[PDB]
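Read off the chains here:
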Amino acid sequence: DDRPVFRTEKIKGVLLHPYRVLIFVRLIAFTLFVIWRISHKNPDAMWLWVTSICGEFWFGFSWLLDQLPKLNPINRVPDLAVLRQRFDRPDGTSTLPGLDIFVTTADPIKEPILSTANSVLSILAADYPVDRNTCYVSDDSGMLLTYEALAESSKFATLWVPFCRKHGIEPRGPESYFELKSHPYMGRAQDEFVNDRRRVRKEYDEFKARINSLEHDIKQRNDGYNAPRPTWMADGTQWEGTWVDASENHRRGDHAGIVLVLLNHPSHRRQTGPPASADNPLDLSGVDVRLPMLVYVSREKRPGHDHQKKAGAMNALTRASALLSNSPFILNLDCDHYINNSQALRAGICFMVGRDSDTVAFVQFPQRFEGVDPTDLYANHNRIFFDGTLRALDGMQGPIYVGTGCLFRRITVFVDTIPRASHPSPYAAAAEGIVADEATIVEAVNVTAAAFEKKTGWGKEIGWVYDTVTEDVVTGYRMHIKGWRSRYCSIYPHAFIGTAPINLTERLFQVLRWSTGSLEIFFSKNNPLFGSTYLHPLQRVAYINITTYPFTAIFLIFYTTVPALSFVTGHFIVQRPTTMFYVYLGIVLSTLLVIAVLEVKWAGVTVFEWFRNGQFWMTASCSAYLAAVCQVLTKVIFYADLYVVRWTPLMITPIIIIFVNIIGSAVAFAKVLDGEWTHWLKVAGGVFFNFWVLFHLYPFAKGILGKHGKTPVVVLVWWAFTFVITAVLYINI
């Protein structure tokens, strides 16, 4: 069939047209407002008047940057029947292309190796052609714990993967599946299926015990063989990589390159399992038992050479892939991000195999997080951002690279192996299966060295740029600068589940990390103003936004201090508001509320989570962006586990903004109640707006106390206590 592989959902006209006309009247009203403010000067506070008009101009400019590319959201969903009729063949074969899957991990003791095991078991059990899906695991630490975990997973896959394929286990994650209380009651059997469930329960429990005793086993084995201590492999050879005991040639960061294939190429012919027996009673007559690629790589690290952490790790991965499989399509994932929907691979390949797929370079996938409470008190999902801004940018040209859960096309971008990848017909390199022989191993070792990065352009002028923090948006920019588009997918259930940031300390660390990366990429030469003329103005302004949003803080701090300064000095922002001015403010507020409700309606989200994410992003702008900008200027010059809280200096900056405002509210209240200007009537509402400020500074203020901040029964009492203390103090003097 030729039915289009992508179902489109358009916004209703009775909603889309009011949305755009309301954005238009919003911009017109802002132009009228800024004209009014410029014309009507404030001689009493002329410096304050200039600062206020500049701040309002900046806020409106940021709002324009944020709302201009959200004008025309279009929803996009895939389908599978068309792929299964066109590219799937009933004879057991297929015409699908190849695909590479990257799993990146940094260090076994800070990140849970159980997450890596779940991810590799999910990708190994994915419903994709076996001979074309090639897996790479970048263990940046180079530890034998991960090596033997992957080896034992390869041994265990011969009985795990056929079960997953035959009985429709979803998600492919083992612990996620065994944690599913209800289960969809899938499975071709009932009694055999439940017997298999219990036996795999026991076997996976003993498998978990082996995992937890693996370090004990390996250290006993190393002691036995060694009685510069190496990590002896199972065949008695010498591990030449990162030794636990370091010396001149084997200190951390001084090793060579290694290419080893744990699980070699499966046979092209379909393999049937053993018949009915006692040890393996599992009936495997109609189930394929082939085993996909599994290769290990350890990139070269030299002193004085910037290995560039995950970016360089994945560059080494993709350089090795172009030799081992030469797959044009390449998806990457982190250690903690595992597959929840096994059809994400097809949902990504459908766009790559559909019509006009040359322009689409990369596809981003939904980044979902687990462990969030059903009430969603703290908004760990970041739904109002992911499905709010990216889901709207998807509509006309495509989203941006976000950091993980994305697939790339490489034909757009080893010197003598380039022709094999750049040949017009790459399908001739997969018919003759290349075995992991000594010739291939030695050529990979020769041409995967880091010595080729000197005097060449890889990283410096194409590929993933170095000396930068966030590779995602910068790579998206360098990719779109040549003239390519992108697509996105949004399917239920979640395609991938990742580990949400754990506890406050590193939550603050990672928000600071994001803000610092944004500021660093801004500091570089990739300013969108001098971009290539081919770039459309819409993604130009989107790039301007995504690279200068953290500058809101420098004016937001001033705007939050304005109420306190005004209430302590007796000066208003506008000395005497007029009828037209009040009408304009009322219209602006009403139009902002209507925009908010319209976007909540069309984004499939709720007002509660919208408001919570707004609170969080206000708090982030207040604290983390200010910390990032001060750091950048300084550098230029020179469940229950969630309830553990540790003090850090980085939190001290919101505190003052809390307390000066709390003091100033009661100071102004007493100033007015002393009898200065009795009639509050039509200026009434400011205190309510103050309560509004309270509700948008509520999240972090509640969460700092932590476990004792279980309920506001203490927080509100302390707030009222401070309020009454400062009221009494100002009344006294």
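Residues numbered from 1 in each chain as written, not as in the entry; some residues may be left out. Heavy atoms only, no water.

Looking up the protein chain in the PDB entry gives the name Cellulose synthase-like CslF6, with the organism given as Hordeum vulgare. This structure appears in the PDB under the title "Intermediate resolution structure of barley (1,3;1,4)-beta-glucan synthase CslF6".

Let's shift gears to helix α15 (residues 537-548). With 12 residues, α15 extends 16 Å from end C-alpha to end C-alpha; this agrees with the ideal 16 Å at 1.5 Å per step. Judged by how many residues are buried, α15 sits mostly within the fold: nine of 12 residues are covered. Taken together, the buried positions of α15 are occupied by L538, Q539, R540, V541, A542, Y543, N545, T547 and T548. Packing partners of the buried residues in α15 comprise α2 (46-67), α10 (383-393), α13 (471-480) and α14 (504-523). (Helix = DSSP H or I, 4+ residues; strand = E, 2+ residues; numbered from the N terminus. Expected span 1.5 Å × (residues − 1). Buried < 20%, exposed > 50% of the residue type's maximum accessible area, 1.4 Å probe, protein only. Contact = heavy atoms within 4.5 Å.)

Here we come to the UniProt feature "active site" (unreviewed entry) in the protein chain. Within the UniProt annotation, "active site" (unreviewed entry) is assigned to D140 and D472. With respect to the helices and strands, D140 occurs in the loop between β4 (133-139) and α5 (144-167). Among the residues examined, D140 registers a relative accessible area of 19% and is labelled buried. Residue contacts for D140: discarding those within four places in its chain leaves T105, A106, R252, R299, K301 and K309. Looking at where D472 falls in the secondary structure, it is placed in helix α13. In contact with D472, other than residues within four places in its own chain, are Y401, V402 and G403. (UniProt positions renumbered as here; feature names shortened; annotations may be inferred.)

On the basis of which strands lie adjacent, the open sheet formed by three strands has the order β8-β13-β10 and mixed pairing. The sheet is open, and its two borders are formed by β8 (338-339) and β10 (367-369), each paired with just one other strand. With two bridges joining them, β8 and strand β13 (residues 496-498) adopt antiparallel strand pairing. Within β13, the residue paired with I339 across the bridge is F496. (Pairing = 2+ DSSP bridges.)

With 50 residues, the main nonpolar core has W160, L345, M352, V363, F365 and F496 as its most contacted residues. Beyond its immediate sequence surroundings of up to four residues, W160 is in contact with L121, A125, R172, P174, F178 and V200. Formed by 15 residues, the second largest nonpolar core is a distinct cluster that contains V297, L317, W464 and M479. (Core = buried A, V, L, I, M, F, W, Y, C linked by side-chain atoms within 4.5 Å.)

Moving on, we come to the sheet that holds β4. What the eight strands build is an open sheet, ordered β5-β6-β4-β3-β7-β11-β9-β12; its pairing is mixed. The open sheet has two free edges, formed respectively by β5 (258-263) and β12 (485-488), since each of these has just one partner strand. Averaged over all pairs of adjacent strands, the angle between strand axes in this sheet comes to 25 degrees, irrespective of strand direction. Pairing between strand β9 (residues 360-364) and β12: four bridges, direction parallel. Across the sheet, residue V360 finds its bridge partner in β12, namely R485. (Axes fitted to C-alpha atoms, helices over the stretch in contact; angles between N-to-C directions.)

Okay, a positive patch on the surface next. A contiguous patch of positive charge on the surface is contributed by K110, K309, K310 and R513. Of note, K110 is situated in the loop between β3 (99-105) and α4 (113-124). (Patch = residues over 30% accessible without salt bridge, like charges linked within 9 Å, V, L, I, M, F, W, Y side chains within 5 Å. Areas by Shrake-Rupley, 256 points an atom, 1.4 Å probe, with all protein chains shown as cover. Salt bridge = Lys/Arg side-chain N within 4 Å of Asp/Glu carboxyl O. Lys, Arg positive; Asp, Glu negative; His and termini not counted. Charge placed at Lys NZ, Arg CZ, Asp CG, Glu CD.)

On to empty space enclosed by the protein, then. Its volume calculated, the largest cavity comes out at about 130 Å³. Taken together, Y378, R507, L508, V511, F616, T619, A620, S623, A624, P699 and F700 make up the full set of residues lining the largest cavity. Broken down by element, the residue count for the lining of the largest cavity peaks at five residues, all from helix α18 (residues 607-637). Counted by class, the lining of the largest cavity contains eight nonpolar, two polar and one charged residues. (1 Å grid on protein atoms, 1.4 Å probe; cavity = no way out; pocket = protein on both sides within 12 Å on 5 of 7 lines; lining within 4 Å. Points joined across faces, edges and corners; volume = space filled by probe spheres on them. Nonpolar A, V, L, I, M, F, W, Y, C, P; charged D, E, K, R; others polar.)

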